[PDB]
Amino acid sequence: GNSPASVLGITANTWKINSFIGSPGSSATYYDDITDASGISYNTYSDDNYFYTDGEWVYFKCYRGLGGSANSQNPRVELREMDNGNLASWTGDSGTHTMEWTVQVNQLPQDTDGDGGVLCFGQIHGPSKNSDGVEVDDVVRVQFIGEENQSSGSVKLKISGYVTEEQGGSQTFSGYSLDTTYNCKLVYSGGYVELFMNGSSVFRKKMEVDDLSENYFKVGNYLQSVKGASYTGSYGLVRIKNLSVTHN
Ligand code: NA
């Protein structure tokens with residue numbers, strides 16, 4: 001009655017859950033679909049180290065160096081958009097495609113280099129190679145960036161992924177904060193990627209790529225700048241409610 005999947009209103013047919021098993025540490029084991037793990041079923045899954053609820057929010061807790069033994073890339077505990085059991089895959093200039101979620105970031109991790117902390121709390125992901133060979137990978141990452149292990153206060157919104165990095169550089173925006181509710185709306189329509197925060201358009205930019213097929217949303221906690229980092233207990237914490245995806 002109280003599970004994270006029930007509180008957030010998600011099902012295996014609408015979102016796949018990327019999570020870990022084992023105590024947090026460099027030897028924890030990543031699962032692209034956590035329900036593949038022994039003993040785990042989607043509508044009862046909860047683990048206070050990673051993915052849990054208090055009946056209002058669902059918390060995604062991920063750690064610097066988590067699983068670093070197996071893979072040095074940035075770790076995540078996150079949802080992957082599904083389409084009635086098929087993988088979601090949709091086109092950024094045909095139809096209008098929206099993810100809305102209410103979020104806070106409560107804690108930033110510590111970069112590999114020790115200076116700074118950052119994580120991504122929503123994304124659009126595209127094809128690794130589109131039909132023209134363009135390496136799209138993440139279309140956009142919506143992130144907060146601040147101090148290493150930051151626990152309160154002021155951060156910047158940072159927009160990364162293809163739409164900024166391959167088109168003039170990542171973009172940052174002042175005046176955001178930890179422990180602060182934002183109603184986020186991420187739209188891909190007409191070949192433009194756009195974020196609204198509390199009803200204001202804060203970022204909007206065209207993808208100058210021909211083939212905008214094979215996108216899907218992700219949302220959760222994808223740490224950043226922790227490639228090759230050791231496990232120290234440093235973590236990020238993202239909490240979400242009021243999640244929906246709309247396709248028109
Ligand atoms: Na299982």
# chains A, B, ... in the order shown; residues from 1 in each chain; ligands from 1
$ closest_atom_pairs --of "stretch 114-140 of chain A" --to "stretch 90-109 of chain A" --cutoff "10 Å" --atoms "only C-alpha atoms" --output "JSON lines"
{"residue": "A:114", "atom": "CA", "partner": "A:109", "partner_atom": "CA", "distance": 9.6}
{"residue": "A:116", "atom": "CA", "partner": "A:109", "partner_atom": "CA", "distance": 8.1}
{"residue": "A:117", "atom": "CA", "partner": "A:109", "partner_atom": "CA", "distance": 5.0}
{"residue": "A:118", "atom": "CA", "partner": "A:108", "partner_atom": "CA", "distance": 5.9}
{"residue": "A:119", "atom": "CA", "partner": "A:108", "partner_atom": "CA", "distance": 6.8}
{"residue": "A:120", "atom": "CA", "partner": "A:105", "partner_atom": "CA", "distance": 9.6}
{"residue": "A:121", "atom": "CA", "partner": "A:105", "partner_atom": "CA", "distance": 8.0}
{"residue": "A:122", "atom": "CA", "partner": "A:99", "partner_atom": "CA", "distance": 8.9}
{"residue": "A:123", "atom": "CA", "partner": "A:99", "partner_atom": "CA", "distance": 9.3}
{"residue": "A:124", "atom": "CA", "partner": "A:99", "partner_atom": "CA", "distance": 9.4}
{"residue": "A:126", "atom": "CA", "partner": "A:90", "partner_atom": "CA", "distance": 9.1}
$ residues_around --residues "residue A:85" --least-positions-apart "6" --cutoff "12 Å" --atoms "only C-alpha atoms" --output "PyMOL selection string"
chain A and resi 11-16
$ select_by_dssp --residues "stretch 20-214 of chain A" --states "strand (DSSP E or B)" --output "PyMOL selection string"
chain A and resi 20-21+29-31+47+51-53+58-63+76-83+86-87+90+96-107+117-125+138-146+154-160+171-177+182-189+192-197+200-206
$ residues_near_ligand --ligand "ligand 1" --cutoff "9 Å" --atoms "only C-alpha atoms and all ligand atoms" --output "ChimeraX atom specification"
/A:34-42
$ select_by_dssp --residues "stretch 18-225 of chain A" --states "helix (DSSP H, G or I)" --output "JSON, numbers by chain"
{"A": [34, 35, 36, 42, 43, 44, 162, 163, 164, 165]}
$ residues_around --residues "stretch 174-178 of chain A" --least-positions-apart "3" --cutoff "12 Å" --atoms "only C-alpha atoms" --output "MDAnalysis selection string"
chainID A and resid 103:108 118:119 143:147 149:159 171 181:182 197:198 202 236:239
$ write_last_selection --atoms "C-alpha atoms" --output "mmCIF file, in the first residue's frame"
data_model
loop_
_atom_site.group_PDB
_atom_site.id
_atom_site.type_symbol
_atom_site.label_atom_id
_atom_site.label_comp_id
_atom_site.auth_asym_id
_atom_site.auth_seq_id
_atom_site.Cartn_x
_atom_site.Cartn_y
_atom_site.Cartn_z
ATOM 1 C CA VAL A 103 11.422 17.737 -7.764
ATOM 2 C CA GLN A 104 13.851 18.685 -5.070
ATOM 3 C CA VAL A 105 17.535 18.034 -4.831
ATOM 4 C CA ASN A 106 18.463 17.552 -1.200
ATOM 5 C CA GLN A 107 22.217 16.737 -1.400
ATOM 6 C CA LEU A 108 25.002 16.915 -4.004
ATOM 7 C CA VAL A 118 26.666 17.925 -9.613
ATOM 8 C CA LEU A 119 23.870 15.598 -10.575
ATOM 9 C CA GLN A 143 21.243 19.318 -13.570
ATOM 10 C CA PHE A 144 22.075 21.219 -10.422
ATOM 11 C CA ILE A 145 25.714 22.098 -9.898
ATOM 12 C CA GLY A 146 27.267 23.398 -6.658
ATOM 13 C CA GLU A 147 29.825 22.610 -4.015
ATOM 14 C CA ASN A 149 28.783 17.452 -0.665
ATOM 15 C CA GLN A 150 26.529 20.507 -0.686
ATOM 16 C CA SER A 151 23.657 19.964 1.774
ATOM 17 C CA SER A 152 21.719 23.322 1.556
ATOM 18 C CA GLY A 153 21.607 26.598 -0.240
ATOM 19 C CA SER A 154 22.241 28.056 -3.606
ATOM 20 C CA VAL A 155 23.098 26.102 -6.775
ATOM 21 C CA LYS A 156 22.978 26.643 -10.493
ATOM 22 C CA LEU A 157 20.735 24.996 -12.991
ATOM 23 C CA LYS A 158 23.064 23.482 -15.675
ATOM 24 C CA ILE A 159 21.814 22.304 -19.063
ATOM 25 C CA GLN A 171 24.635 26.662 -20.173
ATOM 26 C CA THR A 181 10.323 22.378 -4.836
ATOM 27 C CA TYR A 182 10.346 23.008 -8.569
ATOM 28 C CA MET A 197 10.580 25.608 -14.049
ATOM 29 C CA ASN A 198 7.625 26.775 -11.954
ATOM 30 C CA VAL A 202 14.236 28.835 -18.502
ATOM 31 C CA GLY A 236 23.340 12.805 -4.119
ATOM 32 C CA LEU A 237 19.677 12.738 -3.223
ATOM 33 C CA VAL A 238 16.793 13.662 -5.559
ATOM 34 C CA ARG A 239 13.130 13.346 -4.593
#
$ residues_around --residues "residue A:53" --least-positions-apart "5" --cutoff "9 Å" --atoms "only C-alpha atoms" --output "PyMOL selection string"
chain A and resi 2-5+7-8+46+48+58-59+239
$ residues_around --residues "stretch 20-27 of chain A" --least-positions-apart "4" --cutoff "7 Å" --atoms "only C-alpha atoms" --output "PyMOL selection string"
chain A and resi 31+49+65-69+231
$ atom_distance --atom1 "atom CA of residue A:242" --atom2 "atom CA of residue A:205"
25.4 Å
$ residues_around --residues "residue A:196" --least-positions-apart "6" --cutoff "7 Å" --atoms "only C-alpha atoms" --output "list in words"
residues 184, 185, 186 and 202 of chain A
$ atom_distance --atom1 "atom CA of residue A:221" --atom2 "atom CA of residue A:77"
5.4 Å
$ atom_distance --atom1 "atom CA of residue A:62" --atom2 "atom CA of residue A:19"
8.8 Å
